[PDB]
Amino acid sequence: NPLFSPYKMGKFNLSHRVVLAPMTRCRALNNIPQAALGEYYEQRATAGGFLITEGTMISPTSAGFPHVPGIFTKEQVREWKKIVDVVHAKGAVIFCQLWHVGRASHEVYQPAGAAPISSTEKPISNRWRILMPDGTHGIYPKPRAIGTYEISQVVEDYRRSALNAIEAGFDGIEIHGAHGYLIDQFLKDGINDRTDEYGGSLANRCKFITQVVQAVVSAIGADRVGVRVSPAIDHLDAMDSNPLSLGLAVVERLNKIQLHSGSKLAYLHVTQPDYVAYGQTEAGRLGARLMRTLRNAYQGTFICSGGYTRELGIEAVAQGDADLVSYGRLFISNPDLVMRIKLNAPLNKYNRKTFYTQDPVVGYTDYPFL
Amino acid sequence: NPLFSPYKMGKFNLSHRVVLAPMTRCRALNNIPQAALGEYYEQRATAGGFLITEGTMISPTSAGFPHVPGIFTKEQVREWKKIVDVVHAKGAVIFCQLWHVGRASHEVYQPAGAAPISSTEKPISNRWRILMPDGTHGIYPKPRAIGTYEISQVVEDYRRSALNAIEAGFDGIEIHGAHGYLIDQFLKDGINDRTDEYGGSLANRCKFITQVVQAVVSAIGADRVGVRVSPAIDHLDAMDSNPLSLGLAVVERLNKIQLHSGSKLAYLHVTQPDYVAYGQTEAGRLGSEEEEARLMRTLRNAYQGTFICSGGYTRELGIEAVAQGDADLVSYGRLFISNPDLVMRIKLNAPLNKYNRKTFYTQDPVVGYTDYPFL
Ligand SMILES: Cc1cc2nc3c(=O)[nH]c(=O)nc-3n(C[C@H](O)[C@H](O)[C@H](O)COP(=O)(O)O)c2cc1C
Ligand SMILES: Cc1cc2nc3c(=O)[nH]c(=O)nc-3n(C[C@H](O)[C@H](O)[C@H](O)COP(=O)(O)O)c2cc1C
């Protein structure tokens with residue numbers, strides 16, 4: 001099983017290639033990591049395994065979900081430390097994902113009810129609804145287009161949050177630049193309609209993710225920085241006319257950051273849509289090797305994500321399409337997913353109803369082990 | 001095994017509940033049924049089993065795949081007859097699926113290179129491809145929105161083809177009203193942007209499928225007509241803002257057609273969604289497998305008659321669906337491609353041949369068509 005052959009991720013020696021994908025679960029009451037998060041990550045931690053945390057706030061304006069953790073206050077860093085300590089006691093490596101939702105927020109989630117910030121003034125369309133603090137779903141409001149001068153202020157929030165993460169004991173950080181959130185709102189030409197130096201051409205649209213990665217790379221070192229992109233995922237109206245060229249342009253910038261710093265990033269993390277069920281239709285399979293194309297052009301560690309199974313993950317590693325395989329949904333309901341992939345044992349099903357609830361046990365830590 | 005308890009599908013008494021799902025295979029060279037189809041359907045026919053044919057053209061404008069069979073010419077009728085006879089010789093029941101692709105076509109498939117017809121002028125998005133006659137995967141073009149008289153012309157094509165089907169010996173026909181093809185392009189508010197009496201509200205959007213079903217029911221009788229739909233589907237941009245209400249509106253129409261005709265349709269056939277949610281919140285999308293099951297059972301409980309489910313089913317999922325009352329029959333597609341004796345394999349709980357997607361749509365009369373081995 002090539003999923004359990006050791007792999008050196010920069011300076012971290014991993015014993016296997018099964019990775020916990022970042023997953024918002026909304027158990028961090030009041031934006032403060034709670035003891036429940038420790039038991040949740042401790043359950044899934046393994047000796048020499050790689051874990052990525054749920055998206056974590058970098059500032060008071062970056063949230064678009066209820067009760068998601070932040071890492072922009074020393075109070076939050078102190079709570080994260082207790083969680084990271086428990087995870088390191090099991091021998092796992094843990095990165096914290098730095099998450100800013102941009103226009104994918106609501107006044108109820110913003111201080112003083114301010115409008116969310118984004119690259120554009122265009123709101124997410126009515127085809128998408130935001131989970132509200134009362135369990136209902138509401139409308140995405142019109143965001144405020146941040147001025148050219150303000151982009152460096154947001155970059156500074158990433159930089160400070162990476163430093164707070166190191167202060168909490170995290171091994172590294174992952175930049176959340178996928179799924180139509182703030183960074184993807186600058187990448188995709190279906191959203192970025194800016195006239196300034198951050199909009200228009202492909203090179204300009206990659207300016208934002210570049211300065212963000214450069215800022216955290218300089219602060220804590222490249223080998224502690226991972227980057228997650230989703231060029232071909234249309235979530236929250238975040239479509240690009242040419243996902244291939246966008247992906248390659250990002251890879252080009254990432255290779256350049258590594259060449260300038262003289263160090264390789266922790267990894268590149270690319271996620272794709274799950275077309276598992278398109279085989280039962282007449283035309284679902286007619287006609288995109290983007291994953292392999294980006295893997296071929298990138299210099300360093302590649303984590304593939306999106307609809308991967310035990311058999312698909314094995315094939316991906318044995319084929320060389322990726323070095324590590326991250327699992328989301330399966331990890332929600334299978335705390336010992338690593339061992340289950342080892343033994344090829346049956347997997348538990350997940351319950352969508354408790355993805356985003358606040359119970360510290362129900363649907364969170366009560367999925368059974370083998 | 002509840003799958004092998006008999007079932008009375010109207011006037012047809014079936015011996016088991018394993019159904020051959022309709023599957024385009026592209027072996028009907030020049031749109032004429034070929035001897036290969038006879039051997040293909042013969043291999044899968046069982047005594048008292050139900051078969052549904054590949055989607056079959058109702059008119060020269062109805063195709064969006066290469067070498068798909070027609071049933072709108074008398075030559076096609078004569079060739080189908082030979083195939084139905086071999087199936088009937090094995091004691092099987094066989095329906096012919098009537099299929100119009102509408103905007104899911106290309107100029108290379110249309111008479112005189114004309115534009116495909118549809119409810120709208122909007123083309124299928126760049127996320128989808130069409131199979132071209134040379135095996136390449138191409139881009140769907142802009143269709144032509146058709147008017148009221150032309151719509152009635154299409155209904156007449158369905159009606160004439162229904163009559164040809166029974167003249168060829170078929171036990172009945174299935175209306176293909178799923179997967180974003182012509183009927184679904186009228187049903188789904190994600191496709192139908194019309195402002196006339198065929199677009200807008202749910203009532204207007206269900207007008208076309210209602211007229212098609214009524215025409216064929218009046219022509220050959222209700223108990224020889226089945227209807228297939230897919231209210232929650234990504235295929236070919238066939239999204240709807242409220243798949244549940246759309247599905248119930250259709251069921252209401254079918255129930256009323258049955259009451260007015262004093263007879264019941266052969267069945268309602270509903271396909272599972274071709275997608276699985278990932279925690280997202282998109283209008284018109286089912287958020288979980290549990291909501292998916294509730295959708296299907298709600299349509300089943302609403303329809304006055306036989307219910308066939310399809311889409312990713314296995315032996316275990318098919319037993320459960322029948323045991324739990326979720327469906328009366330279960331149709332299998334890909335597993336039937338690679339397992340000509342799938343019925344016996346389900347019965348014996350035997351291993352199943354893998355299928356080769358390569359050869360689903362090639363034109364070879366044997367390779368990947370009739371060369372899958374028996375037990
Ligand atoms: C409930 C839930 C929460 C998620 N939260 C995040 C997140 O905070 N950050 C992120 O980058 N991806 C997030 N994801 C996406 C996962 O990483 C996703 O499941 C993965 O990209 C696809 O892998 P899978 O097929 O194994 O589920 C989330 C997914 C789910 C279902
Ligand atoms: C190759 C192929 C061709 C198909 N052709 C048709 C068709 O012509 N008409 C139709 O209504 N469905 C068609 N379908 C959908 C199937 O009838 C059925 O809904 C699907 O195969 C069920 O899923 P399963 O293969 O997992 O059993 C086709 C499916 C496949 C895979």
Side-chain angles (χ1 to χ4, degrees), chain A residues 19-26 52-56 65 68-69 97-99 101 174-179 181 228-230 233 235 269-274 276-286 303-309 312-313 325-332 337 350 352 354-356, chain B residues 19-26 52-56 64-65 68-69 97-99 101 174-179 181 184 228-230 233 235 269-272 274 276-277 279-280 308-314 317-318 330-338 342 355 357 359-361:
Chain A
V19 180
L20 168 63
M23 283 182 290
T24 292
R25 306 297 307 284
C26 303
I52 304 170
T53 70
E54 65 213 270
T56 302
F65 271 80
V68 294
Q97 188 193 56
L98 304 187
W99 186 22
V101 302
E174 178 180 281
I175 296 299
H176 189 343
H179 299 141
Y181 293 117
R228 189 176 218 203
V229 297
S230 61
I233 289 185
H235 183 240
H269 197 172
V270 182
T271 182
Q272 57 188 356
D274 189 10
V276 66
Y278 275 23
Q280 58 186 55
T281 58
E282 304 85 328
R285 292 273 189 250
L286 301 180
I303 307 183
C304 62
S305 150
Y308 282 88
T309 59
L312 288 180
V325 188
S326 67
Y327 295 87
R329 285 167 283 173
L330 283 195
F331 255 125
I332 290 179
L337 181 65
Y350 50 87
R352 163 64 178 84
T354 49
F355 275 3
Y356 305 128
Chain B
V19 174
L20 172 62
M23 283 182 299
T24 301
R25 304 303 304 283
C26 306
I52 304 171
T53 74
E54 54 205 84
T56 300
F65 274 77
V68 295
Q97 182 189 68
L98 307 183
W99 186 23
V101 297
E174 177 180 281
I175 298 295
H176 189 345
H179 297 165
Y181 292 111
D184 219 27
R228 194 179 210 203
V229 299
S230 62
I233 203 79
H235 199 242
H269 199 176
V270 180
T271 314
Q272 294 278 4
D274 59 351
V276 309
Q280 302 101 358
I308 310 180
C309 62
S310 188
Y313 277 87
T314 57
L317 292 177
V330 188
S331 76
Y332 293 82
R334 286 165 294 175
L335 289 183
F336 237 136
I337 286 179
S338 56
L342 179 66
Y355 53 77
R357 168 161 299 276
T359 53
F360 281 5
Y361 300 135

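Per chain, numbering begins at 1; letters A, B, ... match sequence-line order. Heavy-atom basis, side chains included; hydrogens, waters and symmetry copies ignored. In each ligand, atom 1 is the first atom listed, and ligand 1 is the first ligand listed.
- We find the OG1-CG distance between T53(B) and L20(B) to be 9.0 Å, quoted to the nearest 0.5 Å.
- Of all the atoms in ligand 1, the ones that sit under 4.0 Å from a non-hydrogen atom of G55(A) are 8 (O).
- The distance from ligand 1 to the heavy atoms of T271(A) drops below 4.0 Å at these ligand atoms: 21 (O).
- Between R228(B) and ligand 2, at least one N/O pair is under 3.5 Å apart.
- Between atom 20 (C) of ligand 1 and the options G328(A), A21(A), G279(B), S305(A), the minimum heavy-atom separation is to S305(A).
- Polar contact check, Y356(A) against ligand 1: no nitrogen or oxygen pair lies under 3.5 Å apart.
- Taking distance alone, with nitrogen or oxygen atoms compared against 3.5 Å, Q97(A) approaches ligand 1 more closely than that limit.
- A pairwise comparison of heavy atoms in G312(B) and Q280(A) identifies N-OE1, 3.5 Å as the closest pair.
- Those atoms of ligand 2 with a heavy atom of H179(B) less than 4.0 angstrom away are 12 (N), 15 (C).
- The closest approach between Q272(B) and ligand 2 stays at or above 4.0 Å for every heavy atom of the residue.
- Ring centroid separation for the pair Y356(A) and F65(A) comes in under the 6.0 Å cut-off.
- At distances below 3.5 Å, not a single donor-acceptor pair connects side-chain atoms of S305(A) with backbone N or O atoms of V270(A).
- For the ligand labelled ligand 2, residue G312(B) lies inside the 4.0 Å heavy-atom shell.
- When all heavy atoms are compared, the tightest approach of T309(A) to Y327(A) is O-OH, 2.8 Å.
- Atom CD1 in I52(B) sits 4.0 Å away from atom CD in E174(B) (nearest 0.5 Å).
- Nearest protein neighbour of atom 5 (N) of ligand 2, counting heavy atoms only, is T24(B) N, 2.8 Å.
- The shell of residues lying under 4.0 angstrom from ligand 2, judged by heavy atoms, excludes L335(B).
- Of all protein heavy atoms, the one lying nearest to atom 15 (C) of ligand 2 is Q280(A) O, 3.4 Å.
- When the options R285(A), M23(B), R25(B) are ranked by their closest heavy atom to atom 30 (C) of ligand 2, first place goes to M23(B).
- Residue contacts with ligand 1: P22(A) is placed with a nitrogen or oxygen under 3.5 Å of a nitrogen or oxygen of the ligand (distance criterion only).
- Taking all atoms of both residues into account, the shortest heavy-atom contact from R228(B) to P22(B) is NH1-CG, 3.5 Å.
- Nearest heavy atoms, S230(B) versus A178(B): OG-CB, 3.4 Å.
- Scanning both residues, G284(A) and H235(B), for their nearest heavy atoms gives N-NE2, 3.6 Å.
- The atoms of ligand 2 that sit less than 4.0 Å from any heavy atom of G311(B) are 22 (C), 23 (O).
- Heavy atoms of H176(A) found under 4.0 angstrom from ligand 1 belong exclusively to the side chain.
- Side chains of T271(B) and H179(B) form a contact here, defined as non-hydrogen atoms less than 4.5 Å apart.
- Closest of all the heavy-atom pairs between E54(A) and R25(A) is OE1-N, 4.3 Å.
- In terms of polar-atom proximity, defined here as any N/O pair under 3.5 Å, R334(B) does make such a contact with ligand 2.
- In summary, the atoms of ligand 2 found under 4.0 Å from a heavy atom of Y332(B), numbered by their order in the structure, are 27 (O).
- Taken from CZ in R357(B) to CZ in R334(B), the straight-line distance is 6.5 Å, to the nearest 0.5 Å.
- Between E54(A) and ligand 1, a contact under 3.5 Å exists for no N or O pair.
- Not one N or O of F360(B) is nearer than 3.5 Å to an N or O of ligand 2, by distance alone.
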